[PDB]
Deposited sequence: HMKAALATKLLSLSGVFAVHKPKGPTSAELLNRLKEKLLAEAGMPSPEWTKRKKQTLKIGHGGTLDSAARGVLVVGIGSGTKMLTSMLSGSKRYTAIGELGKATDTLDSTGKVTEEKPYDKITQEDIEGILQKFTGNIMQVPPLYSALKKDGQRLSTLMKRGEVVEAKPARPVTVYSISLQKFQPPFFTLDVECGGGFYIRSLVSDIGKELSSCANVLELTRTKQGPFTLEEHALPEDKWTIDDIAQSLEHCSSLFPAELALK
């Protein structure tokens, strides 16, 4: 089962690439599934079964993506794990769906409802209007259940409203690393004299890696595909 030439190839890879994380798994669980998958392809033993030799695969991610979210997760392999600290400086892009009228303790659709306000007076123009208060250098309080927290300075490069089907508004956001999309959605609901929480959250870009162009689907989580897409 061991394929020695493929094993050499796997352990020779070093750089950064991106994968597509589906909704459901944590970022740690996805890294574990990806690590076990590549080792099994080469026929190498599990990490709990390595002989403490140099033939130990090194892998990690460069910016966490929560369980309920989807999209780009940056992965470092080989000595490329030493590059991941610098990957945090890159800007991010999200597509988020907020739901007016309902607030939750987690600020998304997984938590428990904490508040209900009407939203029938909110028009699409009303939303487009207050988006500029959230564009540029803004103050933002992090979500309570994130790791309350003190307000922190964050950067929003662009926000656009793609769709409004009350109560659901879909936002396209280009922002800095430390920006919280859940905070933005909750505050947009407040600023419109209502409330809101995140129904769906897709990270479409982190740094130089976009979901549209770079993110490897699961069927391409192979030694050869990763080699071809690696950024040394």
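Comparing the deposited sequence with the modelled residues, the stretches lacking C-alpha coordinates are 148-166, 252-263.
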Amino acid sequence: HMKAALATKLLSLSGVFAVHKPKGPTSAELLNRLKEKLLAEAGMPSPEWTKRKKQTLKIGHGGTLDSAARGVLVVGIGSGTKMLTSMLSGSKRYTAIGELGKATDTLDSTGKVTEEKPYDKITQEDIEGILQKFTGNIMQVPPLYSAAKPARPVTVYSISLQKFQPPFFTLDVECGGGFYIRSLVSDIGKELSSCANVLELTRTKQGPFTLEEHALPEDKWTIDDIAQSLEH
From here on, numbers count along this sequence of modelled residues.
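Stretch comparison (127-135 versus 91-99) by mean CA B-factor in the PDB entry places 127-135 on top. Mean CA B-factor, 109-117 versus 70-78: the higher value falls on 109-117. Listed residues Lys51, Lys205, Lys163, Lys35 were ranked by CA B-factor as deposited; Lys51 comes out on top. Sorting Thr170, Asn197, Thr26, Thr56 by the CA temperature factor given in the entry leaves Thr56 at the top. Per-chain ranking of the deposited C-alpha B factor places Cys175 in the lowest third.
Ranked against the other modelled residues of its chain, the C-alpha B-factor of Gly62 as given in the entry falls in the middle third. When all modelled residues of the chain are sorted by CA temperature factor, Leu192 is found within the highest third.
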